[PDB]
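Contents: one structure, followed by commentary.
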There are 4 protein chains.
Amino acid sequence: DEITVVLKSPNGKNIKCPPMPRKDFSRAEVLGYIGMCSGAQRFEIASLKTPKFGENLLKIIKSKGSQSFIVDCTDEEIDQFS
Amino acid sequence: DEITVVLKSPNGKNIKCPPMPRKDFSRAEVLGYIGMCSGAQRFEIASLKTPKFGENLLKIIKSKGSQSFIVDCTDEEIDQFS
Amino acid sequence: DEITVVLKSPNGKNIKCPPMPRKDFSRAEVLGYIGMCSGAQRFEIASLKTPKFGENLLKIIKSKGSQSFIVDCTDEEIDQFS
Amino acid sequence: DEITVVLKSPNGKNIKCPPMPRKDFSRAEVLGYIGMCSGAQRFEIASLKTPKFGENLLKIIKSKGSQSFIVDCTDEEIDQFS
RNA sequence: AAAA
Ligand code: NA
C-alpha cells in the first residue's frame, strides 16, 4: 500500500514525508520518517506525548487501502522540517 | 491489551505515558515511549543500566491482561518528563 | 546474502559500510549502519528526505543475490564518515 | 537463553551490560543495551565500523546455550560506560 | 542506540 506521514500545523502548512507501505507502518517507523525529514538535529513534537497519536496510529493500522497519517505540529514546530 | 509505562521517582511522582498494546511491548518500545515524553533532548535514567529493568520487563512480557510498567527515576531525573 | 551500504558523493568518493544479510535489510538498519560509520555525532544526509531513497530501498528488497545499496551524499556530507 | 554484552578495552577493563535472551539478539539491541549503559550522551565506539563486529554478531546468532558478546573499546572509549 |  502507501501511507504518507503528514506534518501539519494549524496554519494549514503541509509537509508530506515519502510514503511507506502498510506492512512497515509503526510508531518507530513514523518517527523514523520524521527524523529523516528533520535531519541530524533531534526534533520536538509535543503531540507525540498525547494519547491521540497512539489512537490515530492504531486507527490507520486497522484500515484498508492507502491512507495518510497526520502528525500535529505547532506553527513553530513545523519549521524544523521546512 | 494495554501497557502503561509509568515514570516514578521515590517522591511518588507519576508520569503515565499513553498505553501500548502487549503485542508491541519491548525494551525498544519502552524507551521509545519515554523519549516521546521527554522530547528532543535525550534523557538520562540510571535505572536502565540495572538488571531489574530487564527482569521487570520479562515479567510483564509473561503476564495476562493489561499491566503497568514502572521505570524508576531519581527525583531529579523525573523532571525531564514533567 | 550480503548488502553493502555505500555512501557516495558526486566526487565518486566511496564509503562501504560492512555488509548486512538480506534478511536484515530495512530503512532502520541502513541508517543504523550509517550511524555506526559516523559515530556519536548524528549525521546529516539530505537525500534521505527524497522518495528516491524509499524506491531504491524497495528495489533492493525485491532482488536476487548480493546487492549494493547506494546512498547519495553531497561532497560535504560524505566527510562525516571519512 | 542469556547473552551478556561486554564492553572491553585492551586494559582488560570489563563492563557487563545486563543479559538479553537469544530471541532478542541483534545489532540494534546490542547498541540499545550499550546506549542504556552510557546514558543520555551518544557514545563513540570505533570498532562498530569494522566488519569484525558484524561477523562476531552473526557468530553468536549461530550458537547454542548462553554466550557473551564482546565489543572492543579503546582504553579511552570504555570510560563512557564507567 | 529511544527516531539511526
Ligand atoms: Na531505533
Side-chain angles (χ1 to χ4, degrees), chain A residues 5 7 17 20 24-45 47-48 53 57 69 71 80-81, chain B residues 5 7 17 20 24-45 47-48 53 57 69 71 80-81, chain C residues 5 7 17 20 24-45 47-48 53 57 69 71 80-81, chain D residues 5 7 17 20 24-45 47-48 53 57 69 71 80-81:
Chain A
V5 164
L7 299 158
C17 304
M20 35 171 322
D24 284 350
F25 194 68
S26 69
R27 180 201 67 64
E29 278 298 291
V30 167
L31 298 185
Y33 274 63
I34 301 177
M36 281 166 93
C37 201
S38 82
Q41 181 72 350
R42 273 190 52 108
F43 62 75
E44 161 64 24
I45 300 172
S47 64
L48 300 199
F53 181 100
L57 195 78
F69 186 55
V71 175
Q80 295 172 108
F81 320 96
Chain B
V5 164
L7 299 158
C17 304
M20 35 171 322
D24 284 350
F25 194 68
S26 69
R27 180 201 67 64
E29 278 298 291
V30 167
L31 298 185
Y33 274 63
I34 301 177
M36 281 166 93
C37 201
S38 82
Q41 181 72 350
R42 273 190 52 108
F43 62 75
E44 161 64 24
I45 300 172
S47 64
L48 300 199
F53 181 100
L57 195 78
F69 186 55
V71 175
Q80 295 172 108
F81 320 96
Chain C
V5 164
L7 299 158
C17 304
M20 35 171 322
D24 284 350
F25 194 68
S26 69
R27 180 201 67 64
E29 278 298 291
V30 167
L31 298 185
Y33 274 63
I34 301 177
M36 281 166 93
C37 201
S38 82
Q41 181 72 350
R42 273 190 52 108
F43 62 75
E44 161 64 24
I45 300 172
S47 64
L48 300 199
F53 181 100
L57 195 78
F69 186 55
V71 175
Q80 295 172 108
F81 320 96
Chain D
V5 164
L7 299 158
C17 304
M20 35 171 322
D24 284 350
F25 194 68
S26 69
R27 180 201 67 64
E29 278 298 291
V30 167
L31 298 185
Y33 274 63
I34 301 177
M36 281 166 93
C37 201
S38 82
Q41 181 72 350
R42 273 190 52 108
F43 62 75
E44 161 64 24
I45 300 172
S47 64
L48 300 199
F53 181 100
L57 195 78
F69 186 55
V71 175
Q80 295 172 108
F81 320 96

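Residue numbering restarts at 1 for every chain, and letters A, B, ... go by the order of the sequence lines. For the numbers below, each heavy atom of this structure counts, side chains included, while hydrogens, waters and symmetry mates do not.
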Give me the atom names and distance for the closest heavy-atom approach of B:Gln41 to A:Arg42.
O-NH2, 4.5 Å
Nearest atoms (heavy-atom pairs only) where B:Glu44 meets B:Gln80:
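Minimum heavy-atom separation between B:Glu44 and B:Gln80: O-NE2, 2.8 Å.
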Starting from [atom2] on [N], measure out to [atom1] on [X] and report it in whole angstrom.
X: A:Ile45; N: E:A3; atom1: CD1; atom2: P; answer: 12 Å
X: D:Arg42; N: E:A2; atom1: CZ; atom2: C1'; answer: 11 Å
X: A:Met36; N: E:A3; atom1: CE; atom2: P; answer: 14 Å
X: B:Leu57; N: E:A2; atom1: CG; atom2: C1'; answer: 14 Å
X: A:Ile34; N: E:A2; atom1: CD1; atom2: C1'; answer: 14 Å
X: B:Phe25; N: E:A2; atom1: CZ; atom2: P; answer: 14 Å
X: B:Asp24; N: E:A2; atom1: CG; atom2: P; answer: 15 Å
X: C:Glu29; N: E:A3; atom1: CD; atom2: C1'; answer: 14 Å

Within the 4.5 Å heavy-atom criterion, are B:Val30 and B:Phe53 side-chain neighbours or not?
yes
Value for SG (C:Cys17) from CD (C:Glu29), rounded to nearest 0.5 Å, stands at 11.5 Å
Kindly confirm whether the side-chain ring of B:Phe43 is stacked on the base of E:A2, judged by centres under 5.5 Å and planes under 30°.
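According to the criterion (under 5.5 Å, under 30°), yes, B:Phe43 stacks.
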Any base atoms under 4.0 Å from C:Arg27, or only sugar-phosphate, or nothing? Heavy atoms, all strands.
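Since only primed, P, OP1 and OP2 atoms lie under 4.0 Å of C:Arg27, the category is sugar-phosphate.
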